[PDB]
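**Q** Before I ask anything, let me first share the structure, which is written out below as structure tokens.
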Amino acid sequence: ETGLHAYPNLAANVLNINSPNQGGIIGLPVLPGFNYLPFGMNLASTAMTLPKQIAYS
Amino acid sequence: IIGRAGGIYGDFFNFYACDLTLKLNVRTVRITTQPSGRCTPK
Amino acid sequence: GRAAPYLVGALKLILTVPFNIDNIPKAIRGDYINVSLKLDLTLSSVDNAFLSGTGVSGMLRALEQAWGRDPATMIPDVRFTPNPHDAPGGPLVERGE
Amino acid sequence: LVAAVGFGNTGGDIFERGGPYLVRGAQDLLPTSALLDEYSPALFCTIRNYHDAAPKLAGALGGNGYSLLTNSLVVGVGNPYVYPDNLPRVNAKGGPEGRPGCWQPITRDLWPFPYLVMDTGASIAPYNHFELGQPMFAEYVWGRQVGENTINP
Amino acid sequence: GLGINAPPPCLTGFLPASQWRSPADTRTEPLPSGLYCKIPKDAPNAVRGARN
Amino acid sequence: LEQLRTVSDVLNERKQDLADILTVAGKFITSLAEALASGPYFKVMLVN
Numbered sequence: 047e048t049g050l051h052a053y054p055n056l057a058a059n060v061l062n063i064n065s066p067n068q069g070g071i072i073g074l075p076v077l078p079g080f081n082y083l084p085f086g087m088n089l090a091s092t093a094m095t096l097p098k099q100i101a102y103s
Numbered sequence: 038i039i040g041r042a043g044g045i046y047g048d049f050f051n052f053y054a055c056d057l058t059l060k061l062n063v064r065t066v067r068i069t070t071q072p073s074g075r076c077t078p079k
Numbered sequence: 018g019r020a021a022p023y024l025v026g027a028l029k030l031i032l033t034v035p036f037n038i039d040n041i042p043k044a045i046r047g048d049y050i051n052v053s054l055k056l057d058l059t060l061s062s063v064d065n066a067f068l069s070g071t072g073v074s075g076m077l078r079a080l081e082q083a084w085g086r087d088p089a090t091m092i093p094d095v096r097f098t099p100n101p102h103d104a105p106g107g108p109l110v111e112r113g114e
Numbered sequence: 169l170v171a172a173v174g175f176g177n178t179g180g181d182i183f184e185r186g187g188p189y190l191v192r193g194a195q196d197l198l199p200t201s202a203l204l205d206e207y208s209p210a211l212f213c214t215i216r217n218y219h220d221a222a223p224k225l226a227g228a229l230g231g232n233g234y235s236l237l238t239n240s241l242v243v244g245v246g247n248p249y250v251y252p253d254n255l256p257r258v259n260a261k262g263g264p265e266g267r268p269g270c271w272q273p274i275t276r277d278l279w280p281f282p283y284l285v286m287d288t289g290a291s292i293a294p295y296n297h298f299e300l301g302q303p304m305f306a307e308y309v310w311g312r313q314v315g316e317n318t319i320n321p
Numbered sequence: 007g008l009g010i011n012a013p014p015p016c017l018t019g020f021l022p023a024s025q026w027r028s029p030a031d032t033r034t035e036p037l038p039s040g041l042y043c044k045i046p047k048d049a050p051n052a053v054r055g056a057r058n
Numbered sequence: 010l011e012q013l014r015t016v017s018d019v020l021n022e023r024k025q026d027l028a029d030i031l032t033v034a035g036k037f038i039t040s041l042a043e044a045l046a047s048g049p050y051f052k053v054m055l056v057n
């Protein structure tokens with residue numbers, strides 16, 4: 047039951063971590079352990095895809 | 038094995054870097070390696 | 018029936034996918050996955066990571082390619098390699114009918 | 169006649185116990201049979217490609233025998249998933265080029281897999297260009313962050 | 007990916023800090039049940055988690 | 010029927026292993042897919 051419930055979301059999420067232009071998967075190094083820093087920053091988002099690469103299901 | 042490695046501690050995976058080496062120019066520069074411990078051929 | 022011979026070989030991956038069942042017990046030593054960090058700071062990787070989709074795509078990719086580096090060992094140059102969507106001859110898909 | 173009595177009793181008991189089960193199972197199998205029939209064209213190619221990629225993914229884990237060999241390059245991350253619009257959906261359908269199937273085997277002649285967009289509640293299609301992170305600066309004390317959360321980077 | 011604490015990790019509904027195991031111990035332990043991010047369906051953090 | 014017999018025999022000898030797969034793969038799938046959820050990537054803790 048839990049497999050059929052929570053696997054399609056896992057498949058979708060892992061298909062959303064694959065950047066076609068750079069290949070592979072993307073992960074960011076969180077720093078736990080206070081639990082974490084009060085402040086955070088997201089400087090820029092580089093081009094994961096290109097207009098000529100997008101295909102629609 | 039994999040379940041315990043993945044998400045027990047929090048919303049994050051658990052990665053362990055036994056040997057970190059830098060690639061730059063096309064030479065390969067080795068910074069750290071672990072001879073013995075949790076990462077030995079097996 | 019067509020895919021029956023490859024079914025047993027496929028089973029090694031088709032469930033886990035990025036993990037392969039054969040070598041899990043040694044790579045993952047319990048809590049933490051072992052991994053080798055090969056930081057890439059080559060000009061080709063710097064081009065693909067940041068300067069893709071901009072006007073400075075070939076600013077340093079061609080700078081490195083003009084050197085002794087060969088395109089075979091470089092990460093593919095997305096500007097020209099025809100992926101299965103835009104490739105000549107129509108989209109490149111295989112349909113089992 | 170005696171054998172008919174015995175066989176009739178046995179078969180009647182068996183069919184009484186296991187006839188409604190078979191009827192309702194064959195009734196409930198219609199949508200799943202149609203679903204499996206719809207995505208037949210993506211069956212042989214998927215199994216073949218996973219069979220081909222199994223040794224390649226196994227070599228990464230087993231080549232050293234103690235770790236996993238990865239090529240790491242720093243990159244920019246997309247904007248975080250927003251609360252109401254990015255919540256998960258299970259409405260995915262279809263396949264490449266609008267019909268179920270697989271892409272032709274990815275060689276280095278055609279390296280980047282064409283990203284496939286489907287009903288999921290999340291996508292990375294609009295990341296065609298370099299842009300600053302919309303929640304560029306964030307604070308986790310009073311929840312005050314600069315920039316506007318968006319689904320349109 | 008560059009950037010520090012863009013979404014912070016959630017430790018709510020997961021194993022406590024004092025229950026973490028030292029990286030030296032390669033011994034395997036039974037995997038716990040019912041562990042996921044238990045934030046009150048809010049903020050961009052872990053939007054697509056189990057609770058949704 | 011005979012090749013189904015041998016396949017079903019090797020499957021029935023492994024019925025407990027199928028049950029183990031279903032049991033243990035249902036008690037961490039929600040936890041392991043949690044990392045992917047926060048953004049379009051996955052969180053990782055680097056102890057080194």
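Protein chains in written order, with our numbering: chain A, 47 to 103; chain B, 38 to 79; chain C, 18 to 114; chain D, 169 to 321; chain E, 7 to 58; chain F, 10 to 57.
Every residue gets a Cβ at the ideal spot worked out from N, C-alpha and C, and that includes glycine.
Chain B beta carbons: is any one of them nearer than 7 angstroms to that of E/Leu8?
**A** No, E/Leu8 lies away from the interface with chain B (no Cβ there is under 7 angstroms from its Cβ).
**Q** Select from the stretch 15 to 37 of chain E all residues with a C-beta closer than 7 angstroms to any C-beta belonging to chain B, and list them in chain order.
**A** Going along the stretch 15 to 37 of chain E in chain order, one finds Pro15, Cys16, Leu17, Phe20, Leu21, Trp26, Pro29, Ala30, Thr32, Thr34, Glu35 and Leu37 with a Cβ nearer than 7 angstroms to chain B.
**Q** Going along chain F, which residues have a C-beta under 9 angstroms from C/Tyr49?
**A** The answer, in chain order, is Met54 and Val56.
**Q** Name the DSSP beta bridge partners of D/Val285, please?
**A** BP columns for D/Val285 point to A/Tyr102.
**Q** Does the contact criterion of 3 or more C-beta pairs under 8 angstroms hold for the stretch 280 to 292 of chain D versus the stretch 244 to 261 of chain D?
**A** Output reads yes: the stretch 244 to 261 of chain D touches the stretch 280 to 292 of chain D.
**Q** I need the DSSP call for A/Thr95, collapsed to helix, strand or coil.
**A** Here A/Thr95 sits in coil by DSSP.
**Q** Exposed or buried, A/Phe85, counting other C-beta atoms within 10 Å across all chains shown (16 or more means buried)?
**A** A/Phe85 comes out exposed.
**Q** What is the rounded straight-line gap between the Cα of C/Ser74 and the Cα of C/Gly18?
**A** About 47 angstroms.
**Q** Residues of chain C with CB under 7 angstroms from D/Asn296, in chain order?
**A** What D/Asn296 touches in chain C: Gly70.
**Q** Would you call the stretch 39 to 50 of chain C and the stretch 39 to 59 of chain B in contact, with 3 or more CB pairs under 8 angstroms?
**A** The stretch 39 to 50 of chain C, when compared against the stretch 39 to 59 of chain B, does touch it at the 8 angstroms Cβ threshold.
**Q** Examine chain E for any beta-carbon lying closer than 7 angstroms to the beta-carbon of B/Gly40, and answer yes or no.
**A** Cβ-Cβ to chain E under 7 angstroms: yes for B/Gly40.
**Q** Can you list the residues of chain D that E/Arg54 reaches, using a CB-CB cut of under 8 angstroms?
**A** Those are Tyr249, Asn254, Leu255, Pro256, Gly289 and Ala290, listed as they occur along chain D.
**Q** Closer than 6 angstroms by C-beta to C/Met91: which residues in its own chain qualify, once you throw out the five before and the five after it? Chain order, please.
**A** Here the set comprises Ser61.
**Q** Could you tell me which chain C residues have their CB closer than 8 angstroms to the CB of B/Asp56, listed as they occur along the chain?
**A** Within 8 angstroms Cβ-Cβ: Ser53 and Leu54.
**Q** Quick check on B/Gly74 - is its C-beta less than 7 angstroms from some C-beta in chain F?
**A** Not one chain F Cβ lies under 7 angstroms of B/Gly74.
**Q** Mind listing which residues of the stretch 223 to 239 of chain D have their C-beta closer than 9 angstroms to chain A's C-betas, in chain order?
**A** Hits within the stretch, in order: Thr238 and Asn239.
**Q** Tell me whether C/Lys29 is buried or exposed, calling it buried when 16 or more other Cβ atoms sit within 10 Å of its Cβ.
**A** It counts as buried.
**Q** Checking the sheet assignment: what are the DSSP bridge partners for B/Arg67?
**A** Bridge partners of B/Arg67: B/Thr58.
**Q** Between A/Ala93, A/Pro97 and A/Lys98, which has its C-alpha nearest D/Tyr295's C-alpha?
**A** Among A/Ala93, A/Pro97 and A/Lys98, the Cα nearest to that of D/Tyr295 belongs to A/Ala93.
**Q** A/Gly73 versus chain F: which residues are under 8 angstroms apart at the beta carbon?
**A** Going along chain F in sequence order, the residues near A/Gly73 (Cβ under 8 angstroms) are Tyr50, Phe51, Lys52 and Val53.
**Q** To the nearest angstrom, how far is it from the Cα of B/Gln71 to the Cα of D/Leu241?
**A** In a straight line, the C-alpha of B/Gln71 is about 22 angstroms away from that of D/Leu241.
**Q** For the stretch 40 to 52 of chain E, list every residue whose C-beta sits within 9 angstroms of some C-beta in chain F, in sequence order.
**A** The residues in question are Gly40, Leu41, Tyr42, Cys43, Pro50, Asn51 and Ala52.
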